[PDB]
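Protein chains in written order, with UniProt numbering: chain A, 2 to 192; chain B, 2 to 192.
Written out below as structure tokens is the structure these notes cover.
There are 2 protein chains.
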Amino acid sequence: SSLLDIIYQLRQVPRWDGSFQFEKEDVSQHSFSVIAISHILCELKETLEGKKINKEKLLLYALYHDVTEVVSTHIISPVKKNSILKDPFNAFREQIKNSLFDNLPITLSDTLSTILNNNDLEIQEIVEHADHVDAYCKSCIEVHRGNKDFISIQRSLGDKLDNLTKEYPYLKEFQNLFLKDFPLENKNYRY
Amino acid sequence: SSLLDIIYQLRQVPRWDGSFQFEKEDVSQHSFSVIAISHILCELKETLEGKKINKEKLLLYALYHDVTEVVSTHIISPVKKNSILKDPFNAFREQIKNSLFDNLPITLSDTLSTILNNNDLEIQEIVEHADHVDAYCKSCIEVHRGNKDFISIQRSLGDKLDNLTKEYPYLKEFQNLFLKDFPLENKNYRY
Ligand SMILES: Nc1ncnc2c1ncn2[C@@H]1O[C@H](CO)[C@H]1CO
Ligand SMILES: Nc1ncnc2c1ncn2[C@@H]1O[C@H](CO)[C@H]1CO
Ligand SMILES: [Mg+2]
Ligand SMILES: [Mg+2]
């Protein structure tokens, strides 16, 4: 099985191609943040919307949400979302899903296929929101480091996030709790 | 709340201090791998030992298992396990847990305290095993890159892992499935 190799190979998939970064970021670091953000968003949404989400399925979906980029590499969203490429890339991503986990035991094989081909729309939505939050957070950190090239990126991501908070109360609560002073200029918790 | 800052600040905590590495590794990359390994180990253990583990709790514990290193930094195991430092470091780690999540809503606050102060011994054991597997895997990748300085590290970690597989059948199965050709010299799944 290539599953363990793929887990470590995601470190060789860089994000933010074409942009200067003070800190390069790979898919494993991004996926770690998305898992943690997805969990936080889930807890807020559960409390606000009066429900319970299957957190095993949510966390496993967040964990693997970008695993196909070990084949596709990470295509940045301005390119992937171009109308010329949007649908072919989604067909490409589906082709990768179909071939990934070849020589696995049926416990892993079906559990991993279940994770990849998830049709829980709500888990997919939470992780999509977490993905946008993480991109905004990265843009915040780069601007904080002094990276003027990320100011316009931060602006467009923050504008889209603002619009999302008008329609998704759990995102507005997340923004209130965490995103109005980010990153922390003084990291008092270290002492 | 400092929770989101901490999630990203784990990227500034390096592992393997004092060892030459061709690729530097931070706690977020390590924790991503440990979450994924913990999940795989859990599925094997469930099938082999005739049980079901609460995978939400396992994954969340793996996600945060090293979060206190944002305060302590990452003390390498030859130092942390020294008899002079072993118990004081565990007391230090307990002091950090007690002060981390100050200004959070009770959904997050208690859920995060529950995660940190977990007393599920089996989840703690799975994550401890996943932590050792990940350290072995890193040593394998460095040796693969050509890093002779990690040969003796790989040997001692592989010896300890071998001994563990004699007592924990799910680890032996993991080793059989993934650790006899790692990393993959030819990454055929990319094409
Ligand atoms: N305004 C922008 N310019 C360049 N890359 C962007 C971008 N917004 C998002 N990305 C990147 O597309 C990825 C998914 O958000 C993100 C990291 O590669
Ligand atoms: N033989 C060894 N020499 C130096 N650091 C080691 C080591 N074995 C494990 N470590 C490091 O201790 C950490 C936990 O395994 C690991 C990464 O920092
Ligand atoms: Mg993503
Ligand atoms: Mg660890």
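Heads up, the beta-carbon is just placed ideally off N, CA and C, and yes, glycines get one too.
Straight across, the Cα-Cα distance linking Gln-22 (chain B) with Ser-34 (chain B) is about 18 Å. Relative to ligand 1, the beta carbon of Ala-37 (chain B) is positioned no closer than 7 Å to any heavy atom.
Here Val-28 (chain A) is buried, its C-beta having at least 16 other C-beta atoms within 10 Å. Looking at the DSSP output, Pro-15 (chain B) shares a beta bridge with B:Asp-27. Proximity of chain A to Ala-37 (chain B) at the Cβ level (cut-off 7 Å) is accounted for by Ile-8 and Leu-64, in chain order.
Chain order is used for the residues whose beta-carbon lies nearer than 5 Å to a heavy atom of ligand 1, namely A:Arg-16, A:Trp-17, A:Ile-77, A:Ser-78, A:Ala-136 and A:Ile-154. Beyond the five residues adjoining it in sequence on each side, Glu-143 (chain A) comes within less than 7 Å, by CB distance, of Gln-22, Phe-23 and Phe-151 in the same chain, given in chain order. About 5 Å separates the Cβ atoms of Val-134 (chain A) and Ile-38 (chain A), confirming a contact at the 8 Å cut-off. In this structure, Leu-60 (chain B) keeps its C-beta atom at 8 Å or more from the C-beta atom of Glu-95 (chain A). Contact of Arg-12 (chain B) with chain A is assigned, a C-beta pair being separated by under 8 Å. Taken from the Cβ of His-130 (chain B), every heavy atom of ligand 2 lies 7 Å or farther away. With a contact defined as Cβ atoms closer than 8 Å, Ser-114 (chain B) and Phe-102 (chain B) qualify at about 7 Å. Counting only the Cα atoms, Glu-126 (chain A) lies some 14 Å from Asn-118 (chain A). Taking a beta-carbon distance threshold of 8 Å, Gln-22 (chain A) does not count as an interface residue toward chain B. By the neighbour-count criterion, in which 16 or more other beta carbons inside 10 Å mark a residue as buried, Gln-13 (chain A) falls on the exposed side.
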